[PDB]
Structure formats: C-alpha cells, structure tokens
Amino acid sequence: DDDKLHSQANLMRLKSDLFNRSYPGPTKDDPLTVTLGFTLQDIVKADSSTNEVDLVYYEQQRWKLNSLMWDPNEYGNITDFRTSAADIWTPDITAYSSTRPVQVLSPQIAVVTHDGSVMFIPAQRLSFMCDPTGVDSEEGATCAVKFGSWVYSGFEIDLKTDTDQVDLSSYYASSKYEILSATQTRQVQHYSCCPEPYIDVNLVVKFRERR
Amino acid sequence: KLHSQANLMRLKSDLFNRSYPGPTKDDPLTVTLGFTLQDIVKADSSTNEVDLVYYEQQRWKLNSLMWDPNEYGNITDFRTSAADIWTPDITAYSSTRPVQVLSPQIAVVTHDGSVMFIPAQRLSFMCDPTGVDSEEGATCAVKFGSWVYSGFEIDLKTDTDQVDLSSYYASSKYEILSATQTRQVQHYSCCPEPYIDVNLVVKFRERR
Amino acid sequence: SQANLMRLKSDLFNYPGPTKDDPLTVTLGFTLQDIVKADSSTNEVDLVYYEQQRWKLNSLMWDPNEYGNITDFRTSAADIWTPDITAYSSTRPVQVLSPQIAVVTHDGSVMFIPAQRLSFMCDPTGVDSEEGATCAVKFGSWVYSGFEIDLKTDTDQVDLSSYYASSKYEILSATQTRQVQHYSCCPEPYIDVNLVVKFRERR
Amino acid sequence: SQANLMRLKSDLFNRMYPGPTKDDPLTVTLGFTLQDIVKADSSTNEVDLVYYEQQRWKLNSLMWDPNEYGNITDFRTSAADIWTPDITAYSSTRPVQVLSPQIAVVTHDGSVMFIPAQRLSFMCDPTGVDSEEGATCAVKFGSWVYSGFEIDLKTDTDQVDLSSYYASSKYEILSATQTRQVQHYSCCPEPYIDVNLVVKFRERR
Amino acid sequence: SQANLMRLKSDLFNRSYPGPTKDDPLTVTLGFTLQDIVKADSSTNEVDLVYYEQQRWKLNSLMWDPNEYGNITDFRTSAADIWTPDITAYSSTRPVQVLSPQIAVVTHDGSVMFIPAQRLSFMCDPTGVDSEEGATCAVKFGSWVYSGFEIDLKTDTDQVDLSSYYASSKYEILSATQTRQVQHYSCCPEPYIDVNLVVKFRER
Ligand SMILES: COc1ccc2cc1Oc1cc3c(cc1OC)CC[N+](C)(C)[C@H]3Cc1ccc(cc1)Oc1c(OC)c(OC)cc3c1[C@@H](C2)[N+](C)(C)CC3
Ligand SMILES: COc1ccc2cc1Oc1cc3c(cc1OC)CC[N+](C)(C)[C@H]3Cc1ccc(cc1)Oc1c(OC)c(OC)cc3c1[C@@H](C2)[N+](C)(C)CC3
Ligand SMILES: COc1ccc2cc1Oc1cc3c(cc1OC)CC[N+](C)(C)[C@H]3Cc1ccc(cc1)Oc1c(OC)c(OC)cc3c1[C@@H](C2)[N+](C)(C)CC3
Ligand SMILES: COc1ccc2cc1Oc1cc3c(cc1OC)CC[N+](C)(C)[C@H]3Cc1ccc(cc1)Oc1c(OC)c(OC)cc3c1[C@@H](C2)[N+](C)(C)CC3
C-alpha cells in the first residue's frame, strides 16, 4: 500500500513532467511519419440507392516524438502509460471520400511508451463513396477510400503501412458480405498545381454478398 | 442536516483536493462486470445488426477513496459525476454504432473505497439473426473489455455466469432462451500481455 | 430592482445533493402532449410530454422584503443541482425540447419543467380496437436510493389539458402514481412514479 | 477602429443583465420568414418547417454613445456573450435544429437583433393537404419560463414574411399568419403570451 | 525551431481580432469543389451534397516576419482559436455535417486558408433528374450577419472545381457555376453579397 502509493506518485509526476513543462505538430524541418494499419471488422451496409458503403474497422495509428521520451529509471521503471487523446497531439488522419462524419466506437485514449512512441487505435464506423454494383455477383464489387492528413502536406506528415494486407482475422464471420481481398497501400502522388507531395494510404476492398 | 451537508462537501473536498491516475502493472485493478438484459429492441437481417438495451454494472475498489464514516458525520457513501473520477474504459468489441447512454453519468462511492457505476445503454452490435423465427432461435455474441488496458493493468471478473434476465421486458418482440456472460483470458504470439474480456452470448427468438 | 436581483443571486449561490440524513422529496407530474409514434415492429412508443419537477431547498429561502419585493427568479439549470430523474424502460436517449431553465421561489422551492421526447418499451397491440392499448413507464432517480430521494405526485391525474387534439392517438386514460418497492436483493426502498397510458387510434 | 470596438465590448461586458423581472419587464418582437415546408408526415402527424425567426429586444445596459467610441453605431457578437430570450415552440416533436450562426447584432441604442434560421418538427395533422382546401396547422411560440409579467411579446405585422418561400417546395402556401395572444388560466394569476403561427398549405400543382 | 513556432503562436494569440467592421472591412474568397451528390429526395425536395469550401482571408494581426521567427513561413492552427467567417448556406434544410478537421493554415503574410469538407442538405426539386436534361438547383452562400460593408465576398476563380467529383456517383454533374451576386434591399443602405452555386445534374 506504500509501493502502490509510490508507483501512483511516479506516474502523476511523469505526466506532469511531460505535459506541464518542456507539441505544435510536425513541420517541414521536423516531419513526422505515422504508421497506419486497418483491421476490417464488418462491411455493415452497401446502399445501391446512394452509392454509399458503411465499414466498421479499427485504425491503428502509430508515431514517435522526442518530446515524449523519458527514462524509466527516473520514474520507477514506468515504461508506458495510458492517456486521454486530448492530452497529446494526434494526427488529423481523415478519409477523403467519407459521406458522413465518421462515428468513433471506442474510448479516445492513447498509449505512450518510454521511447516516445504513441499508439492510438480508434474503432470507427465510416460511410464512404462506393458503387456496390456487382456485389451480388461472383466477381463482386470493388471500392476504395484514401486516408491521409487533411492539413499537413507530404513535407510534414508522411505515412506507411507494415503490410499491404488489411488485417481480416477479426472480420465478422456472419457479415452480409464476404471479403475477397482488402489491401492498404501508401501512395505518393505529385501534382503540377503544388510542389509538395500528396501522401495517402489507399484502402481497396473487394467483396460480395455471402452465398 | 445543514451539518450533514457540511460533512458531505468536506469529505468530497478531502478526497478530491489531496490526491488516482488509473491502473498500472504495479497497481492493477480488478473490475467486476455484470449484465442485466432489458430488451432486444430490433434485429435487422438486412445488415446483420441487433439492438440491445441492457444495464452494465461496473465495480471496482480504490484505497484513495476509503474514509471512516465516523469522521464525516456517519456518511457511508456519496454520488459523484463520472467525469470527477477515473472510470474503466469498458467497451463492446463488435459494436456497429456509438453506444447511446440512457442513464445519468454519475457513480456511487462507498466508504470502503468501492465504486459502482451502472450505465444503461442501447447498443447496436454485429449479429446475424437467421433462425430467430424458428423454435431454436438465433444466437449472438459480443465481447466486452478494456479498450487500452491489458490483463496486466485491469483484470475483469463476473459475479455469476448468468446475465440477469429478471427485468427483461415481458412484451419484447423477442424472447430470451439463454443469456450468459463468461470471462475469458487469451494470449497471442505477438504480444506478452494477457487479454481479458467478458463474452455476452444471448440466444433468442421471435415471441410466440 | 435589477440591482436587487443580482444581489440576491450574489448572496444565495456563494447544495451538493441529498444524503440519508438530509433527504430530498421531488414532486413529479406529467403533461402528456402527444403520442407521436407506436411502432409495432419494435414495441417502442414515442411520447412528447413536459416532466414537471419540483423540490425545495433551505439554501434557497429569502425574504422578498430584504430584496425589493423579489419573490422569484429564473436560472439556467446548469447553475444548480437538479435531480437525475430517468425513465426506467427508455430505448433511446431522451431528447429535450425546451430551454433548460429553472424557476426558484423565495420559499426555496425549485421548479424545472423540461419538455422531452421519449421512446420507451411498449407493445401497442390493441391500439386499433375499441379497448385500445395500455403501456407503462416508471420514472425515478438513477443513482439516489430511496434513502436519499423520495418522490410524490400532486395528483394522480396526468395533465391532459395540452394533449394534441389531432394526434394519431387518443388518450383513454393516463395516471401517474408513486410506487414504493422492496426486494430481497437490496436493502434500500425502490421509489418511482409510474405513468400508465391507455390509448387507441383516433376515430 | 478595433481599439475602439475592443474597448466598447470590454466596457459593456465587464462594468451582466440578469434577465427581465416583474419590476422591469422586457418586450421582445418576433416575426417569422417561412422558407419551406420540407416534409408532412401523415403517419405521425408531424410537419417540418424551415424558417428564420427574427427576435428583437432593447436593454439600457447595452447603450453607449458613439462619440466616446469612435463613431461605432453597432457590433456583431456571439449570442452566448449576451442574454437572449428563451423563445420556444410549444408543440415541437424533435429538438429544434439551428441552421445559422449564433451571432447577434447590438446597436448603440441598446437594441439587439438576433435572427436564427431553424428547422422544426411540430405537431400537425396534414389531412386535406392533397385537396384544394389544403391543410391547416398551428404552433405557438413564446418564452418557456417567463410569463407575461416578465416578458411581453409583440409582432410588427401579423403577416408571415413569404417573400423567400421556396418556389419549388412540395407544398404551396395558402396563408401564413403570426398573431400575438394573451391567455389566462384558472390555475395561475399570470398572463401567458405567445405568438401563434398558423399555416395553410397544400401539395403544389 | 519547435521552439521558434511555440513562440510565434504566443506573440500572435495570447499576446493580443473582434472581427471586421465598416472602417476595417474584410475581403473573403470562396470557391467550391463538389465531390458527390449522394441523394436527391423527390418526396421532400432536398438534395444532399458532399463538397469542400475553400475560404481565404488576410489579417494584419496575423502578419509576421519569417526571419525573426526561424524562417517559419506558415503554420496550422485549430479554427476554434482564430476568428473565421460565418459563411452559411441560405437554403439548407438541416445543420451542415462537418467531414474534415477544423484546422486552418496561417501564412506569414497574414493570409488564412480554411478548407472544410461538409455534407449539406438544401432545397432542391429534383424533377427531371431521370431525363437527358437533368434537374437544376441552386444554393446561395454568404455571411449571416455581416453586410457587404464588413465582409466583401468574392470567388477565388470563376469555376466550380469538378475534378475530384466521384466518378461513380448515382448522379452526374452536367454543369456547376459559382457567381458572386450583389443586391440592395429596402430595409438597409448596405450592399448584400452572396455566392450562388448552381448545379445541373442527372441520374448516371
Ligand atoms: C489542390 O487540390 C487537389 C490536388 C489533387 C487532388 C485533389 C485536390 O483537391 C483538394 C484536395 C484536398 C483538399 C482540398 C482540395 O480542393 C479544394 C483538402 C485536404 N487535402 C489536402 C488532404 C486534399 C484531400 C483530397 C481530396 C480529394 C482528392 C485527393 C485528396 O481527390 C482525388 C481522389 O480522392 C477522392 C482520387 O481517388 C481515387 C483520385 C484523384 C483525386 C484528385 C486529387 N484528382 C482528381 C485531381 C486527381 C485524381
Ligand atoms: C438490483 O437490481 C434490481 C432490483 C429490482 C429490479 C430491477 C433491478 O435491476 C436494476 C434496477 C435499477 C438499476 C440497475 C439494475 O440492474 C443492475 C439502476 C437504477 N435503479 C437503481 C434506479 C434501478 C432502475 C430500475 C430498472 C429496472 C427495473 C426497476 C428499476 O425493473 C423493473 C421494472 O421496470 C423496468 C418493473 O416495471 C413493471 C417491474 C420490476 C422491475 C424489476 C426491479 N424486477 C423485475 C426485479 C421486479 C419488478
Ligand atoms: C418552469 O415553469 C414553467 C415551464 C413551462 C410552463 C409553465 C411553467 O411555469 C410554472 C409551472 C407550474 C407552476 C408554476 C409555474 O411558474 C410560476 C406551479 C406548479 N406546477 C409546478 C405544477 C406547474 C403547473 C403549471 C402551471 C402553468 C403552466 C403549466 C403548468 O402553464 C402552461 C399551461 O397551463 C396553464 C398551458 O396550458 C395549456 C400551456 C403552456 C404552459 C406553459 C408551461 N408554457 C406557456 C410555457 C407552455 C405552454
Ligand atoms: C430583410 O429580409 C430579406 C430581404 C431579402 C431577401 C430575404 C430576406 O429575408 C432574410 C434574409 C437574410 C436574413 C434574414 C432574413 O429574414 C429576416 C439573415 C441574413 N442574410 C443576409 C444572410 C439574409 C440571407 C437570405 C435568406 C433568404 C433569402 C435571401 C437572403 O431569400 C432569397 C433567396 O434565396 C435564399 C433567393 O434565391 C433563390 C432570392 C431572393 C431571396 C429574397 C431576399 N427575396 C425573395 C426577397 C428576393 C430574392
């Protein structure tokens, strides 16, 4: 009950050291790479009257800041902590073809590790632009939606995925829709309009009515 | 009475302007979870969503919240807003829509440092209701647990294997065949932490 | 006189809820305005009503004589404690239709009357018959036991003087009744006001 | 310019009107501009309107003299910055949805103009809408918590402004009026004042 | 450098805009990028449009010398933290739904660029959308509270950007125009400015 009082005291001081003394977001001089991963849980609805499809997925977001690092030794072997997302800067990762505000299904809480890495995994329901024509056929339908920063250019936020394969191991086994394939791919595009690169992660999902 | 009010504000002030940042590997917390199913409102076989109304009883206990009632005018408990205290981030793992909260976000803290919080909710979750119009009915399942704490920081426990059905609405469109809540612990090659959840399985069918 | 009002509000504000030794009695009453919807596919009924709430606090007494003949004021419900009155068989969050503003009287009584839309559990079978349908929903505190909060009605007649004359549904009767319940599981009384409405398709 | 304005506001907002009282009652003028009858639902007896509600009142505690403030005669301010009346429809079926910025104009004479655009669902039986006669519905507007002892209401005209009514609405407008009324109930000594919005309308042809 | 930015932000905000006035009017630039007509409801005559508005204005109190601040030329700030123009649709039938983060980019010249993505329901008779010639609807945008003496609204370009319009929408766009309109009304000596967006569209 004195180890425990002492360990709490260490956590509160770490959080005050990082949060109260000592983040404006990335700049071209100090750019940030966010690692993104999708875990598709369900294609919930495919609306052929409006060409909207609703997905439920988790989005794992990961980045690393020097100003969040600390030494576990000065803070009682604390190697990580949970904190509300409002306590830290988080990337404005946004779907570029959503048709309604994304609905958050999970607690807005992040895990900060001693080397400055942050991991934040919002579960979400998204309506996005998609013609589901062909979903009732063997070859199925294909849709795509890009994710990336809304306001930071490619000189300030970069992105990558650890694999092209969307994680399907939690995909709902009785969904109305069967997944034929689902890929997530970093894409850098150059436009003449603009000297900065446009970076996004493209999520391509091919699916059909479960038979 | 004007005195008991004085003692309540003082207790609160002592507990809340003196010194709890959430559980850690060094200071883990056991959350006891129990479900009371009130209604299955809707089963949608076009999207495989089912809507439940249920109560989620959450209980945990902290040293930082204990007091001696003798020192505070015999006060043995008090109510406080859930924003005022740490609460566990218990979450359904296969919801299809944000849960809608039906009850006041206020908890009851007891002098032994136990907290009870009972959010009533309507939840849409993933569920194929095929067979609901048959004798055998349909079965669905949804896992609840911490979103961000592993089994190293929050352990979950049930007080019973049975979901409380005694308040189930007797004129629901659906009748309950069985409703159980089973703690489960799981490990993955990738990761060293245990993951703990409570699996809510409900078998149900169209009322006769 | 505006002078006088700010000074009273000044004096009074500068109440953390009831306790077992300082309990609170809340008076409830309902003004049924409309049965807007009765969905027989889900057994949900939607009602629009005013939830009349009143309680009295020692804290809020004053002399209309020490303050320019000011017998009452209005204040945002957000500046004051209000009881956590909740339906016990809603299916959706309640939607509030009116400003959240309370009226405090010099006798220390607070009146707060939100108009609200509520979906609750109700089988409307029989609504297209002469006998019509009958549904019930109970209201009461969610987090205060009957040791800290008690309830009462001023009358058992639901106020129907504002019932919408052209609703799809006519009201055959509507009663509001304080209930006290005891259960073996639990050592506090369960107190609530039960609203029972009998109604049928208008003809 | 901005120094004068930032001073004005600091002065007015730092030297708060606690609402009207019986001793100092307030008159609020209301008028409606009806834009559209968006939907009429005959299964639930709910009609939806989109309108602008012009509210206007006048406080002594919001007067200033322009020459002490660089010839400023008016300013725009967030409506959460000032008291605004709790004007409410008495028979809505869904929370009212606000379609415009919650910003008011204060003028040097202490008068305030606030004009929220709103969408409103309200209790209305649309029977007869598919006929030449049309349907008729009414909704009353007034203060939720102030009786006629603290808030009096008025209109400048009892004709609803239809000059902006949408030309290709599903529903044509036959007439629309806004009438101040004073009610006295046996229960209560206070007068209750409202503006009654009555609309007749039919399916456009 | 992370510190140069953390100081620039201090100087501008927590060390000093009550919006525009008749003596200090603001020019605001508006342009539309249309992304999807999602739905046209002929039972209620509403159409739902997903689109972006590019807003741009320049303020003196947002000027700074780059070489006094680490060669920082621009930054990103939350739109809640700066004044932003009250640009509103004059005939929407439901509150706007915001699809993107509400973050503006401020440049050293004091210019501000803000690009909200939104879904907007507005009044629109879709009669004709199932025929070769389509249906035509219009929606005007402008300040709700500031006349043309306080906010002077202009288009950035004369053209609606259709380059990112979703190719597999239920509805094809046959044309879309954006045009600044000035009107004098008899209540008031001030000019009133809006930008009218006119869209002709039909079922794909
Ligand atoms: C200068 O502006 C742009 C440059 C380039 C494009 C759009 C542009 O339009 C805008 C983009 C963006 C914003 C505002 C825009 O206008 C005011 C704000 C937010 N960011 C900066 C993040 C992007 C977000 C963003 C939004 C739309 C977008 C790409 C990025 O559109 C595209 C697609 O996705 C829908 C797509 O997918 C298959 C394929 C293509 C495009 C666009 C790409 N076109 C057609 C040109 C080529 C092919
Ligand atoms: C220990 O728990 C309970 C004990 C007793 C009951 C419910 C219980 O379940 C809960 C009740 C309550 C809470 C949480 C509960 O679970 C953890 C939190 C909020 N309070 C404390 C305020 C009540 C709110 C409340 C909620 C449900 C409720 C009664 C009160 O259900 C009933 C009815 O209304 C739905 C009803 O109507 C005819 C008739 C009856 C009941 C219940 C009463 N049964 C069936 C048992 C007997 C008859
Ligand atoms: C917060 O305060 C109120 C909020 C809302 C209203 C009155 C209010 O004020 C009082 C209510 C009450 C009292 C005193 C009040 O203020 C000193 C004394 C006792 N109770 C607590 C029981 C109610 C009883 C009560 C008294 C008056 C009353 C409604 C209920 O007024 C109305 C009507 O009936 C007269 C009526 O009839 C068709 C229609 C309407 C109203 C009122 C309702 N408006 C205009 C707003 C809407 C339409
Ligand atoms: C003084 O009162 C008004 C005078 C003039 C009009 C509306 C009026 O109603 C109001 C307008 C406005 C407000 C409040 C109003 O009421 C108190 C708040 C602030 N702004 C400045 C934003 C306008 C916003 C505004 C709102 C509606 C509006 C025009 C402007 O309606 C019109 C249109 O479509 C929206 C349209 O295009 C098809 C064409 C026309 C109109 C109107 C213009 N008529 C028919 C008369 C002429 C041509």
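No value in this document is a laboratory result; all are computed from the given coordinates. Cβ placement follows ideal geometry from the backbone for every residue including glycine, while neighbour counts extend to all protein chains displayed.
Just one of E:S143, E:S168, E:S163 is of a type outside the set (K, R) and more than 16 Å from ligand 1 (Cβ to nearest atom); which is it? Talk me through it step by step, then tell me what you get.
Working: E:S168 fails: more than 16 Å from ligand 1 (Cβ to nearest atom); E:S163 fails: more than 16 Å from ligand 1 (Cβ to nearest atom).
Sole residue among the options that is of a type outside the set (K, R) and more than 16 Å from ligand 1 (Cβ to nearest atom): E:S143.
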Scanning region C:22-76 residue by residue, those within 14 Å of chain B (Cβ to nearest Cβ) and not in a strand (DSSP E or B) turn out to be C:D22, C:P23, C:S40, C:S41, C:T42, C:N43
Those residues of region E:182-204 which are outside any strand (DSSP E or B) and out of contact with any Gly (no Cβ under 8 Å at 6 or more places or on another chain) amount to E:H184, E:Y185, E:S186, E:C187, E:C188, E:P189, E:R204
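Looking only at strands (runs of 3 or more DSSP E) that fall completely inside region B:92-136, which ones have 2 or more residues that are of a type in the set (A, V, I, L, M) and away from chain A (no Cβ under 13 Å)?
Details: elements: B:106-110, B:112-117, B:120-126.
Per the criteria, B:106-110, B:112-117.
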Within region A:7-21, residues away from chain B (no Cβ under 14 Å) and of a type in the set (F, W, Y) come out as none
Of (1) of a type in the set (D, E); (2) within 14 Å of chain A (Cβ to nearest Cβ); (3) in contact with a helix residue (DSSP H, G or I) (Cβ under 8 Å, 6 or more places away or on another chain), B:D84 fails just (2)
- Message: Just to be sure before I move on: is C:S167 over 16 Å from the mean Cα position of the chain (by Cα), surrounded by fewer than 18 Cβ atoms within 10 Å (Cβ to Cβ) and of a type in the set (S, T, N, Q) in the structure I sent?
- Response: no
By residue number, the members of region C:137-170 that are within 14 Å of chain D (Cβ to nearest Cβ) and either outside any loop (DSSP other than H, G, I, E, B) or touching a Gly at 6+ places or on another chain (Cβ under 9 Å) (or both) are C:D154, C:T155, C:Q157, C:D159, C:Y169, C:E170
Can you say whether D:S175 is touching a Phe, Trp or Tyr at 6+ places or on another chain (Cβ under 9 Å), under 29 Å from E:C137 (Cα atoms) and hydroxyl-bearing (S, T, Y), as far as the supplied structure shows?
yes
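Kindly indicate whether D:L5 is surrounded by 14 or more Cβ atoms within 10 Å (Cβ to Cβ), outside any strand (DSSP E or B) and among the hydrophobic types (A, V, I, L, M, F, W, C).
Working: surrounded by 14 or more Cβ atoms within 10 Å (Cβ to Cβ): yes; outside any strand (DSSP E or B): yes; among the hydrophobic types (A, V, I, L, M, F, W, C): yes.
Taking the combined requirement at face value, the residue satisfies it.
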>> Taking the conditions exactly as written (within 14 Å of chain B (Cβ to nearest Cβ) and either in contact with a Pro (Cβ under 8 Å, 6 or more places away or on another chain) or within 16 Å of ligand 2 (Cβ to nearest atom) (or both)), does C:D192 satisfy them or not?
In response: yes
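So which residues in region D:132-154 are under 16 Å from the mean Cα position of the chain (by Cα), surrounded by fewer than 17 Cβ atoms within 10 Å (Cβ to Cβ) and closer than 30 Å to D:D41 by Cβ? Don't jump to the end; show me each part of the working.
First, pick out the residues of region D:132-154 that are under 16 Å from the mean Cα position of the chain (by Cα): D:138-146, D:151-154.
Next cut, surrounded by fewer than 17 Cβ atoms within 10 Å (Cβ to Cβ) only: D:138, D:154.
Scanning region D:132-154 gives a single hit, D:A138.
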Those residues of region C:37-59 that are among the polar types (S, T, N, Q) and buried (at least 18 other Cβ atoms within 10 Å of the Cβ) come to a total of 4
Result of the Cβ filter at 8 Å on region A:140-152, keeping first residues that are among the charged types (D, E, K, R) and partners that are more than 16 Å from ligand 2 (Cβ to nearest atom), at least 6 apart or interchain, is A:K146/A:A95; A:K146/A:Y96; A:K146/A:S97; A:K146/A:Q187; A:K146/A:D200; A:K146/A:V201; A:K146/A:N202; A:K146/A:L203
Of the conditions (1) more than 9 Å from every other protein chain (Cβ to nearest Cβ); (2) surrounded by fewer than 16 Cβ atoms within 10 Å (Cβ to Cβ); (3) closer than 24 Å to D:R94 by Cβ, the single one that D:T179 does not satisfy is (3)
Do we have any residue at all in region E:146-160 that's within 16 Å of E:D36 (Cβ to Cβ) and of a type in the set (A, V, I, L, M, F, W, C)? yes
Exercise for review: Test E:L34 against the criterion of being away from ligand 4 (no atom under 16 Å from the Cβ), hydrophobic (A, V, I, L, M, F, W, C), surrounded by 15 or more Cβ atoms within 10 Å (Cβ to Cβ) and more than 30 Å from A:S127 (Cα to Cα), and give yes or no.
Suggested key: no
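Conditions (1) surrounded by fewer than 18 Cβ atoms within 10 Å (Cβ to Cβ); (2) under 15 Å from the mean Cα position of the chain (by Cα), marked per residue:
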{"position": "C:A87", "(1), (2)": "no, yes"}
{"position": "C:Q95", "(1), (2)": "yes, yes"}
{"position": "C:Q100", "(1), (2)": "yes, yes"}
{"position": "C:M111", "(1), (2)": "yes, yes"}
{"position": "C:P114", "(1), (2)": "no, yes"}
{"position": "C:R117", "(1), (2)": "no, yes"}
{"position": "C:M121", "(1), (2)": "no, no"}
{"position": "C:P124", "(1), (2)": "no, no"}
Could you tell me whether E:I72 is more than 16 Å from ligand 3 (Cβ to nearest atom), surrounded by 20 or more Cβ atoms within 10 Å (Cβ to Cβ) and over 19 Å from D:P101 (Cα atoms)?
-> yes
